[PDB]
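Below is one structure, written out as C-alpha coordinates, with a few remarks after it.
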Amino acid sequence: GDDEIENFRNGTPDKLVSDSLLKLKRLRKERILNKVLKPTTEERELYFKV
Amino acid sequence: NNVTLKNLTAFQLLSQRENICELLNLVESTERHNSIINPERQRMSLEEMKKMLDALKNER
Amino acid sequence: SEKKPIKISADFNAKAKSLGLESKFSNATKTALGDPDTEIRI
(Lines give C-alpha, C1' and ligand atoms only; values in the text may rest on other atoms or scores of the structure.)
Protein backbone atom coordinates (compact mmCIF):
# COMPACT_ATOMS: atom_id res chain seq x y z
CA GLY A 1 0.00 0.00 0.00
CA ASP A 2 0.89 3.67 -0.29
CA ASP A 3 1.32 4.01 3.48
CA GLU A 4 4.42 1.82 3.33
CA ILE A 5 5.97 3.79 0.47
CA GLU A 6 5.37 7.06 2.31
CA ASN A 7 6.58 5.86 5.72
CA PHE A 8 9.70 4.56 3.98
CA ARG A 9 10.47 7.65 1.90
CA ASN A 10 9.68 9.95 4.83
CA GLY A 11 11.70 7.67 7.12
CA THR A 12 10.37 6.20 10.37
CA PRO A 13 8.73 2.92 9.31
CA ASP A 14 8.95 1.89 12.95
CA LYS A 15 6.01 4.17 13.76
CA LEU A 16 3.88 2.29 11.24
CA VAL A 17 4.95 -1.05 12.72
CA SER A 18 4.18 0.04 16.28
CA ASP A 19 0.77 1.45 15.35
CA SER A 20 -0.06 -1.70 13.40
CA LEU A 21 0.94 -3.92 16.32
CA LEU A 22 -1.26 -1.84 18.63
CA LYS A 23 -4.16 -2.23 16.20
CA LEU A 24 -3.55 -5.98 16.03
CA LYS A 25 -3.58 -6.27 19.82
CA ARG A 26 -6.78 -4.24 20.10
CA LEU A 27 -8.48 -6.36 17.43
CA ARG A 28 -7.41 -9.54 19.22
CA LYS A 29 -8.80 -8.27 22.52
CA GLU A 30 -12.12 -7.49 20.84
CA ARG A 31 -11.98 -10.95 19.26
CA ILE A 32 -11.53 -12.50 22.71
CA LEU A 33 -14.23 -10.54 24.54
CA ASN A 34 -16.86 -12.10 22.28
CA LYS A 35 -16.14 -15.78 21.74
CA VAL A 36 -14.81 -16.08 18.19
CA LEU A 37 -11.71 -17.97 17.04
CA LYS A 38 -11.02 -17.23 13.37
CA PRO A 39 -9.20 -13.90 12.93
CA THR A 40 -10.84 -11.47 10.55
CA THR A 41 -9.36 -10.47 7.20
CA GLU A 42 -8.04 -7.10 8.40
CA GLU A 43 -5.99 -8.87 11.07
CA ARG A 44 -4.38 -11.08 8.42
CA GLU A 45 -3.67 -7.98 6.35
CA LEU A 46 -2.04 -6.13 9.25
CA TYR A 47 0.07 -9.21 10.01
CA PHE A 48 1.20 -9.50 6.39
CA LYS A 49 1.98 -5.77 6.29
CA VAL A 50 4.11 -5.91 9.44
CA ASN B 1 -25.93 -2.76 61.68
CA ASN B 2 -23.49 -5.65 62.02
CA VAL B 3 -20.20 -5.37 63.90
CA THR B 4 -17.13 -7.39 62.90
CA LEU B 5 -13.46 -7.10 63.82
CA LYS B 6 -12.76 -5.18 60.61
CA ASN B 7 -15.55 -2.68 61.27
CA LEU B 8 -14.47 -2.13 64.88
CA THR B 9 -10.81 -1.59 64.03
CA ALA B 10 -11.72 0.72 61.15
CA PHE B 11 -14.01 2.78 63.40
CA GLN B 12 -11.42 3.14 66.15
CA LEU B 13 -8.66 4.01 63.69
CA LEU B 14 -10.89 6.56 61.97
CA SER B 15 -11.65 8.25 65.29
CA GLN B 16 -7.95 8.35 66.23
CA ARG B 17 -6.90 9.73 62.85
CA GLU B 18 -9.61 12.39 62.92
CA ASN B 19 -8.53 13.54 66.38
CA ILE B 20 -4.85 13.72 65.45
CA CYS B 21 -5.50 15.49 62.14
CA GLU B 22 -7.53 17.98 64.16
CA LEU B 23 -4.59 18.52 66.52
CA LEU B 24 -2.37 19.57 63.61
CA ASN B 25 -5.21 21.77 62.26
CA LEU B 26 -5.30 19.76 59.02
CA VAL B 27 -9.11 19.54 58.91
CA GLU B 28 -12.03 21.95 58.53
CA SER B 29 -15.16 20.64 60.25
CA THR B 30 -17.38 23.72 60.06
CA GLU B 31 -20.26 21.80 58.46
CA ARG B 32 -20.35 19.13 61.17
CA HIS B 33 -19.76 21.57 64.02
CA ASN B 34 -22.56 23.86 62.80
CA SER B 35 -24.97 21.00 62.09
CA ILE B 36 -24.45 19.76 65.65
CA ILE B 37 -24.69 23.19 67.26
CA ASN B 38 -27.23 24.35 64.63
CA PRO B 39 -27.60 28.01 65.72
CA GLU B 40 -31.04 28.15 64.09
CA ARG B 41 -32.06 25.27 66.35
CA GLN B 42 -30.47 27.17 69.23
CA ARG B 43 -32.66 30.21 68.58
CA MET B 44 -35.76 28.03 68.17
CA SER B 45 -35.08 26.21 71.44
CA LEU B 46 -34.40 29.50 73.24
CA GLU B 47 -37.71 30.98 72.10
CA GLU B 48 -39.50 27.78 73.12
CA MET B 49 -37.91 28.01 76.57
CA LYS B 50 -39.01 31.64 76.83
CA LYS B 51 -42.59 30.78 75.87
CA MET B 52 -42.76 27.92 78.36
CA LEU B 53 -41.34 30.16 81.09
CA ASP B 54 -43.91 32.86 80.34
CA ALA B 55 -46.66 30.23 80.46
CA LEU B 56 -45.50 29.02 83.87
CA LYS B 57 -45.20 32.64 85.03
CA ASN B 58 -48.73 33.67 84.03
CA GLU B 59 -50.61 30.65 85.38
CA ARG B 60 -50.21 31.96 88.94
CA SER C 1 -3.92 23.03 48.95
CA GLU C 2 -3.45 26.12 51.10
CA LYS C 3 -6.34 25.51 53.51
CA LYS C 4 -7.21 22.29 55.33
CA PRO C 5 -6.99 19.43 52.79
CA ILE C 6 -9.62 17.25 54.51
CA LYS C 7 -12.91 19.14 55.07
CA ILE C 8 -14.78 16.52 57.07
CA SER C 9 -18.57 16.51 56.70
CA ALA C 10 -21.50 14.52 58.13
CA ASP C 11 -21.55 11.74 55.51
CA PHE C 12 -19.11 9.21 57.05
CA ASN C 13 -18.51 7.78 53.58
CA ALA C 14 -16.69 10.87 52.35
CA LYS C 15 -15.26 11.36 55.84
CA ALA C 16 -13.95 7.80 55.94
CA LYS C 17 -12.63 8.06 52.38
CA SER C 18 -10.78 11.33 52.96
CA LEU C 19 -8.79 9.69 55.79
CA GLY C 20 -7.81 6.54 53.90
CA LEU C 21 -10.33 4.01 55.21
CA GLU C 22 -12.68 3.58 52.25
CA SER C 23 -12.91 -0.14 51.47
CA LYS C 24 -12.43 -1.01 55.17
CA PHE C 25 -16.20 -0.99 55.83
CA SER C 26 -17.22 -3.40 53.06
CA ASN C 27 -17.27 -7.15 53.63
CA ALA C 28 -15.27 -8.25 50.59
CA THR C 29 -13.62 -6.29 47.80
CA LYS C 30 -14.72 -6.20 44.17
CA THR C 31 -12.89 -8.44 41.70
CA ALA C 32 -13.19 -9.36 38.03
CA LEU C 33 -13.39 -13.17 38.23
CA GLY C 34 -16.79 -13.07 39.93
CA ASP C 35 -18.93 -12.63 36.83
CA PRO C 36 -20.22 -15.51 34.68
CA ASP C 37 -19.26 -13.66 31.48
CA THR C 38 -15.53 -13.67 32.21
CA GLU C 39 -15.84 -17.27 33.41
CA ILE C 40 -17.45 -18.33 30.13
CA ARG C 41 -14.74 -16.49 28.21
CA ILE C 42 -11.89 -18.10 30.15
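Going by the C-alpha coordinates order, chains are called A, B, ..., each with residues numbered from 1, while ligands are numbered from 1 in the order shown.
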Segment 28-42 of chain B environment, 6 Å, only C-alpha atoms, sequence neighbours closer than 3 positions dropped, as a list in words: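 Once the nearby chain positions are removed, what remains is residues 45 of chain B; 4, 7, 8, 9 and 10 of chain C.
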Residues of chain A within 9 Å of chain C, counting only C-alpha atoms, as a PyMOL selection string: chain A and resi 32-35
Residue neighbourhood residue 15 of chain B, 12 Å, only C-alpha atoms, exclusion window fewer than 3 positions, as a ChimeraX atom specification: /B:8-12,18-22 /C:12,15-16,19,21
Nearest-residue call for residue 3 of chain C, choices B:43, B:25, B:57, B:48, using only C-alpha atoms: B:25
Alpha helix (DSSP H) residues, from DSSP on the backbone, in chain B, as a PyMOL selection string: chain B and resi 5-23+30-37+39-58
Length of the atom CA of residue 38 of chain A to atom CA of residue 24 of chain A vector [Å]: 13.8 Å
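Distances to chain C were evaluated for B:26, B:49, B:44, B:55 using only C-alpha atoms, and the minimum falls at B:26.
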Top pick for closest residue to chain C, considering B:3, B:56, B:46, B:27 and counting only C-alpha atoms: B:27
